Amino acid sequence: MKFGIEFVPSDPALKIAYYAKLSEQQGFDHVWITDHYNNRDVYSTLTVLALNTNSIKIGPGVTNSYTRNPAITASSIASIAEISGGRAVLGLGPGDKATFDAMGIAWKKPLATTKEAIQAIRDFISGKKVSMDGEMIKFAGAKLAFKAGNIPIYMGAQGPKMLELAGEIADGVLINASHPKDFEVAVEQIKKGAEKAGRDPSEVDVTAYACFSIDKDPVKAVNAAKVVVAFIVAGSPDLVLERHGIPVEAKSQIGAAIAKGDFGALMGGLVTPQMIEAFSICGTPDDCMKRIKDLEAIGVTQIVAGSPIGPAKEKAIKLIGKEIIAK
(Lines of atoms letter the chains of each structure in order from A and count residues from 1; the text may use other names and numbers.)
(Lines give C-alpha, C1' and ligand atoms only; values in the text may rest on other atoms or scores of the structure.)
Protein backbone atom coordinates (compact mmCIF):
# COMPACT_ATOMS: atom_id res chain seq x y z
CA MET A 1 0.00 0.00 0.00
CA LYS A 2 1.34 3.42 -1.01
CA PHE A 3 0.55 6.44 1.17
CA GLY A 4 -0.03 10.03 0.16
CA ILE A 5 -1.15 13.23 1.85
CA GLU A 6 -2.91 16.38 0.66
CA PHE A 7 -2.25 20.05 1.46
CA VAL A 8 -4.31 23.05 0.40
CA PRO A 9 -2.37 26.23 -0.44
CA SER A 10 -4.61 28.18 1.93
CA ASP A 11 -1.51 28.23 4.17
CA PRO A 12 1.79 29.84 3.03
CA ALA A 13 4.02 27.45 1.03
CA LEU A 14 6.80 27.68 3.66
CA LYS A 15 4.47 26.24 6.31
CA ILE A 16 3.31 23.47 3.96
CA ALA A 17 6.97 22.65 3.13
CA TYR A 18 7.47 21.64 6.74
CA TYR A 19 4.40 19.30 6.70
CA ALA A 20 5.68 17.77 3.43
CA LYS A 21 9.14 17.28 4.88
CA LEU A 22 7.66 15.66 7.97
CA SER A 23 5.62 13.38 5.63
CA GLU A 24 8.81 12.38 3.80
CA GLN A 25 10.41 11.46 7.15
CA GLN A 26 7.32 9.50 8.19
CA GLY A 27 7.38 7.29 5.12
CA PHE A 28 4.74 8.79 2.83
CA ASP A 29 5.12 8.21 -0.91
CA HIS A 30 3.25 11.24 -2.26
CA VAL A 31 2.21 14.70 -1.29
CA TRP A 32 -0.57 16.21 -3.40
CA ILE A 33 -1.38 19.93 -3.66
CA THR A 34 -4.80 21.33 -4.59
CA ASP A 35 -5.20 23.87 -7.38
CA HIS A 36 -7.72 26.72 -7.06
CA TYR A 37 -7.26 30.28 -8.27
CA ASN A 38 -8.32 31.60 -4.86
CA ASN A 39 -5.44 30.03 -2.86
CA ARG A 40 -1.71 30.22 -3.58
CA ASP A 41 -0.46 29.07 -6.98
CA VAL A 42 -0.06 25.26 -7.18
CA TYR A 43 3.38 25.65 -8.90
CA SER A 44 5.15 28.27 -6.76
CA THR A 45 3.96 26.06 -3.89
CA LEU A 46 5.29 22.85 -5.49
CA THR A 47 8.59 24.71 -6.10
CA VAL A 48 9.21 25.48 -2.42
CA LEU A 49 8.14 21.93 -1.49
CA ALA A 50 10.62 20.48 -4.05
CA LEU A 51 13.44 22.58 -2.63
CA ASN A 52 12.64 21.44 0.94
CA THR A 53 12.25 17.69 0.29
CA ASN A 54 14.50 15.05 -1.25
CA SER A 55 12.81 11.76 -2.08
CA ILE A 56 9.01 12.02 -1.70
CA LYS A 57 7.03 12.38 -4.94
CA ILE A 58 5.11 15.63 -5.42
CA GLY A 59 2.47 17.05 -7.71
CA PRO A 60 -0.83 18.83 -8.26
CA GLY A 61 -3.95 17.00 -7.03
CA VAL A 62 -5.41 18.06 -9.24
CA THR A 63 -4.89 20.82 -11.79
CA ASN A 64 -7.09 21.03 -14.92
CA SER A 65 -7.23 21.76 -18.66
CA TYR A 66 -9.12 25.01 -18.54
CA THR A 67 -7.48 27.58 -16.28
CA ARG A 68 -4.14 27.15 -18.09
CA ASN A 69 -3.35 26.11 -21.66
CA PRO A 70 -2.10 22.46 -21.62
CA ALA A 71 1.27 23.52 -23.06
CA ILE A 72 1.76 25.75 -19.96
CA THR A 73 0.80 22.82 -17.71
CA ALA A 74 3.40 20.59 -19.51
CA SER A 75 6.10 23.20 -19.15
CA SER A 76 5.21 23.76 -15.47
CA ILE A 77 5.13 20.14 -14.35
CA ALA A 78 8.35 19.55 -16.33
CA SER A 79 9.98 22.47 -14.54
CA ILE A 80 9.15 20.89 -11.22
CA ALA A 81 10.46 17.57 -12.51
CA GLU A 82 13.80 19.27 -13.24
CA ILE A 83 14.05 21.08 -9.90
CA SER A 84 13.11 18.02 -7.89
CA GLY A 85 15.22 15.48 -9.79
CA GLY A 86 12.30 13.57 -11.30
CA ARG A 87 9.90 13.45 -8.35
CA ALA A 88 7.04 15.23 -10.14
CA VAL A 89 3.74 13.52 -10.99
CA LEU A 90 0.79 15.25 -12.68
CA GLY A 91 -2.70 15.13 -11.23
CA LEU A 92 -5.28 16.36 -13.73
CA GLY A 93 -9.05 16.50 -13.33
CA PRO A 94 -11.84 18.26 -15.16
CA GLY A 95 -12.20 21.03 -12.53
CA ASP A 96 -15.24 21.82 -10.33
CA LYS A 97 -18.23 23.82 -11.61
CA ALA A 98 -18.31 26.23 -8.64
CA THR A 99 -14.75 27.45 -9.14
CA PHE A 100 -15.32 27.72 -12.88
CA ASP A 101 -18.49 29.79 -12.53
CA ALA A 102 -16.60 32.34 -10.52
CA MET A 103 -13.79 32.36 -13.11
CA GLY A 104 -16.28 32.85 -15.91
CA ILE A 105 -15.28 29.55 -17.49
CA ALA A 106 -17.53 27.47 -19.72
CA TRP A 107 -17.09 23.86 -18.61
CA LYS A 108 -17.33 22.57 -22.20
CA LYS A 109 -16.95 18.84 -22.94
CA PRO A 110 -14.91 17.81 -19.86
CA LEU A 111 -14.37 14.30 -21.19
CA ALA A 112 -12.96 15.12 -24.64
CA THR A 113 -11.04 18.11 -23.33
CA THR A 114 -9.38 16.06 -20.60
CA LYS A 115 -8.42 13.21 -22.91
CA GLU A 116 -7.02 15.51 -25.60
CA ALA A 117 -5.13 17.60 -22.99
CA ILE A 118 -3.52 14.50 -21.52
CA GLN A 119 -2.54 13.25 -24.95
CA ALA A 120 -0.96 16.61 -25.77
CA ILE A 121 0.82 16.79 -22.41
CA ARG A 122 2.24 13.25 -22.65
CA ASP A 123 3.63 14.20 -26.07
CA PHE A 124 5.14 17.47 -24.80
CA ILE A 125 6.82 15.76 -21.87
CA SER A 126 7.95 13.07 -24.28
CA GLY A 127 9.85 15.65 -26.33
CA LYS A 128 7.67 15.45 -29.45
CA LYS A 129 6.62 18.31 -31.66
CA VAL A 130 2.88 18.52 -31.03
CA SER A 131 0.21 19.01 -33.71
CA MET A 132 -3.44 18.42 -32.84
CA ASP A 133 -6.79 19.42 -34.19
CA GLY A 134 -9.18 17.90 -31.69
CA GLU A 135 -12.72 18.94 -30.88
CA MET A 136 -11.43 20.99 -27.95
CA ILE A 137 -7.64 21.18 -28.06
CA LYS A 138 -5.32 22.24 -30.86
CA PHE A 139 -1.57 22.78 -31.36
CA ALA A 140 0.48 23.52 -34.47
CA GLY A 141 4.09 22.44 -34.16
CA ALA A 142 4.42 23.35 -30.47
CA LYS A 143 7.40 21.82 -28.63
CA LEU A 144 9.21 22.03 -25.29
CA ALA A 145 12.82 23.23 -25.45
CA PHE A 146 14.14 21.29 -22.44
CA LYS A 147 13.87 17.61 -21.39
CA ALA A 148 11.24 16.40 -18.97
CA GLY A 149 12.28 12.90 -18.01
CA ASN A 150 9.34 10.72 -17.05
CA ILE A 151 6.17 12.11 -15.51
CA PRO A 152 3.26 9.81 -14.49
CA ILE A 153 -0.22 11.26 -15.04
CA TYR A 154 -3.09 10.65 -12.57
CA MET A 155 -6.68 11.57 -13.38
CA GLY A 156 -9.12 12.99 -10.84
CA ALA A 157 -12.44 11.25 -11.39
CA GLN A 158 -15.83 10.78 -9.72
CA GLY A 159 -18.29 10.07 -12.50
CA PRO A 160 -18.56 6.66 -14.22
CA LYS A 161 -17.41 8.00 -17.57
CA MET A 162 -14.37 9.82 -16.17
CA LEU A 163 -13.47 6.65 -14.28
CA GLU A 164 -13.66 4.65 -17.46
CA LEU A 165 -11.51 7.16 -19.30
CA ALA A 166 -8.93 7.00 -16.52
CA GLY A 167 -8.67 3.23 -16.99
CA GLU A 168 -8.14 3.85 -20.67
CA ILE A 169 -5.37 6.52 -20.43
CA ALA A 170 -4.12 7.33 -16.91
CA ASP A 171 -1.31 5.92 -14.78
CA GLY A 172 -3.40 6.46 -11.69
CA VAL A 173 -6.80 7.66 -10.51
CA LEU A 174 -7.45 10.03 -7.63
CA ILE A 175 -10.98 9.20 -6.47
CA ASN A 176 -12.66 11.50 -3.92
CA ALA A 177 -14.22 8.77 -1.75
CA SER A 178 -13.54 6.81 1.43
CA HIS A 179 -15.83 3.82 1.48
CA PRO A 180 -15.37 0.35 -0.06
CA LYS A 181 -18.82 0.48 -1.72
CA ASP A 182 -17.67 3.48 -3.79
CA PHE A 183 -14.42 1.82 -4.85
CA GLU A 184 -16.22 -1.40 -5.72
CA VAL A 185 -18.05 0.61 -8.39
CA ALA A 186 -14.99 2.66 -9.36
CA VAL A 187 -12.73 -0.35 -9.86
CA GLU A 188 -15.24 -1.85 -12.32
CA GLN A 189 -15.36 1.36 -14.38
CA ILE A 190 -11.57 1.59 -14.43
CA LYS A 191 -11.46 -2.07 -15.50
CA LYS A 192 -13.87 -1.47 -18.40
CA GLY A 193 -11.70 1.41 -19.60
CA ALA A 194 -8.50 -0.62 -19.17
CA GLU A 195 -9.87 -3.47 -21.30
CA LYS A 196 -11.26 -1.03 -23.84
CA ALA A 197 -7.66 0.17 -24.30
CA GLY A 198 -6.17 -3.31 -24.01
CA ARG A 199 -3.93 -2.50 -21.07
CA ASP A 200 -3.50 -4.43 -17.87
CA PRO A 201 -5.88 -2.78 -15.37
CA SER A 202 -3.41 -3.47 -12.52
CA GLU A 203 -1.14 -0.88 -14.12
CA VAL A 204 -3.24 1.98 -12.73
CA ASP A 205 -2.61 3.26 -9.20
CA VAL A 206 -6.16 3.27 -7.86
CA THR A 207 -6.03 5.81 -5.06
CA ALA A 208 -8.44 6.92 -2.37
CA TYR A 209 -8.31 10.69 -2.00
CA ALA A 210 -10.06 10.47 1.32
CA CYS A 211 -11.28 12.82 4.01
CA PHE A 212 -8.96 11.63 6.78
CA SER A 213 -8.94 12.40 10.52
CA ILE A 214 -6.85 10.38 13.03
CA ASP A 215 -6.09 10.80 16.76
CA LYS A 216 -5.59 8.63 19.86
CA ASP A 217 -8.92 10.08 21.03
CA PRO A 218 -11.64 9.01 18.53
CA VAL A 219 -14.11 11.76 19.41
CA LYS A 220 -11.41 14.38 18.84
CA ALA A 221 -10.90 12.69 15.47
CA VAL A 222 -14.53 12.69 14.31
CA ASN A 223 -15.11 16.27 15.46
CA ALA A 224 -12.23 17.48 13.30
CA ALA A 225 -13.86 15.78 10.32
CA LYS A 226 -17.52 16.83 10.68
CA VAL A 227 -17.37 20.11 8.78
CA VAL A 228 -15.48 18.54 5.89
CA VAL A 229 -17.87 15.57 5.84
CA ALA A 230 -20.74 18.12 5.73
CA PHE A 231 -19.44 19.73 2.55
CA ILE A 232 -18.93 16.28 1.06
CA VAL A 233 -22.55 15.25 1.78
CA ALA A 234 -23.79 18.65 0.58
CA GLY A 235 -22.19 18.00 -2.82
CA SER A 236 -22.93 14.27 -3.14
CA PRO A 237 -25.18 13.20 -6.02
CA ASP A 238 -28.39 11.47 -4.90
CA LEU A 239 -27.11 8.17 -6.28
CA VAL A 240 -24.19 8.18 -3.84
CA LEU A 241 -26.14 9.28 -0.76
CA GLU A 242 -28.48 6.44 -1.73
CA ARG A 243 -25.71 3.83 -1.75
CA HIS A 244 -24.82 4.65 1.87
CA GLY A 245 -28.36 4.75 3.21
CA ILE A 246 -28.29 8.47 3.86
CA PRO A 247 -31.60 10.37 3.53
CA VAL A 248 -31.23 12.47 0.39
CA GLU A 249 -33.21 15.09 2.34
CA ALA A 250 -30.27 15.44 4.72
CA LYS A 251 -28.31 17.02 1.85
CA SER A 252 -30.66 20.02 1.63
CA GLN A 253 -30.85 20.26 5.39
CA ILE A 254 -27.03 20.40 5.57
CA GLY A 255 -26.72 22.60 2.51
CA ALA A 256 -29.09 24.96 4.29
CA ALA A 257 -27.15 25.07 7.57
CA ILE A 258 -23.98 25.65 5.52
CA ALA A 259 -25.62 28.46 3.60
CA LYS A 260 -26.60 30.05 6.91
CA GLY A 261 -23.16 29.25 8.28
CA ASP A 262 -24.95 27.44 11.12
CA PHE A 263 -21.95 25.22 11.86
CA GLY A 264 -23.44 24.80 15.30
CA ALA A 265 -26.10 22.64 13.68
CA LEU A 266 -23.52 20.64 11.74
CA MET A 267 -21.62 19.84 14.94
CA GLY A 268 -24.88 19.54 16.82
CA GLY A 269 -26.19 16.44 15.06
CA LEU A 270 -26.73 17.26 11.38
CA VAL A 271 -23.58 15.28 10.51
CA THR A 272 -24.66 11.81 11.53
CA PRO A 273 -22.37 8.96 12.44
CA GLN A 274 -23.51 7.28 9.21
CA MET A 275 -22.28 10.20 7.13
CA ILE A 276 -18.98 10.08 8.97
CA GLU A 277 -18.64 6.36 8.41
CA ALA A 278 -19.39 6.65 4.71
CA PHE A 279 -17.48 9.76 3.79
CA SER A 280 -14.34 9.68 5.85
CA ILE A 281 -11.65 7.47 7.32
CA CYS A 282 -11.48 8.50 10.89
CA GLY A 283 -11.09 7.52 14.48
CA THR A 284 -8.20 5.94 16.23
CA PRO A 285 -5.32 4.34 14.39
CA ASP A 286 -7.14 0.97 14.69
CA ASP A 287 -10.32 2.31 13.19
CA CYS A 288 -8.34 3.81 10.30
CA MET A 289 -6.33 0.62 9.80
CA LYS A 290 -9.50 -1.49 9.46
CA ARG A 291 -10.95 0.84 6.86
CA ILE A 292 -7.62 0.95 4.98
CA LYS A 293 -7.42 -2.86 4.80
CA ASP A 294 -11.02 -3.03 3.54
CA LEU A 295 -10.04 -0.62 0.74
CA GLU A 296 -6.96 -2.69 0.00
CA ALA A 297 -9.07 -5.84 -0.43
CA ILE A 298 -11.27 -3.95 -2.95
CA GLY A 299 -8.25 -3.00 -5.05
CA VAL A 300 -7.14 0.42 -3.74
CA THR A 301 -3.34 0.75 -4.10
CA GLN A 302 -2.73 4.20 -2.63
CA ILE A 303 -4.42 5.89 0.27
CA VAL A 304 -4.18 9.67 0.54
CA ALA A 305 -4.81 11.36 3.86
CA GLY A 306 -6.80 14.36 2.75
CA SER A 307 -8.11 17.25 4.83
CA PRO A 308 -8.25 17.61 7.76
CA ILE A 309 -5.71 14.78 8.22
CA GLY A 310 -6.40 15.07 11.95
CA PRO A 311 -7.19 17.54 14.77
CA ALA A 312 -3.63 18.98 14.49
CA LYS A 313 -1.64 18.24 11.34
CA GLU A 314 1.86 17.70 12.74
CA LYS A 315 0.68 15.22 15.35
CA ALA A 316 -1.59 13.44 12.88
CA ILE A 317 1.20 13.01 10.31
CA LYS A 318 3.36 11.43 13.01
CA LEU A 319 0.51 9.18 14.19
CA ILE A 320 -0.02 7.92 10.63
CA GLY A 321 3.68 7.23 10.17
CA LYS A 322 4.14 5.38 13.42
CA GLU A 323 0.77 3.59 13.80
CA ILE A 324 -0.11 2.96 10.17
CA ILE A 325 2.61 3.28 7.57
CA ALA A 326 4.99 1.27 9.73
CA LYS A 327 2.01 -1.06 9.00
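Position 1 is the first residue in the sequence shown; the rest follow in order.
Here 245-253 and 181-189 are compared by their mean Cα B-factor, and 245-253 comes out higher. Mean CA temperature factor is higher for 148-156 when stretches 77-85 and 148-156 are set side by side in the entry.
Out of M132, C211, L163, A170, it is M132 whose C-alpha atom has the highest B-factor in the PDB entry. Looking only at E195, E116, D123, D205, the residue with the top Cα B factor in the deposited structure is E195. Annotation for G127: CA B-factor lies in the middle third of the chain's modelled residues. Compared with the other modelled residues of the chain, the Cα B-factor recorded for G91 ranks in the lowest third.
Remark: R291 belongs to the middle third of its chain, ranked by C-alpha B-factor as recorded. Sort the modelled residues of the chain by CA B factor and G264 lands in the highest third. Annotation for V219: CA B-factor lies in the highest third of the chain's modelled residues.
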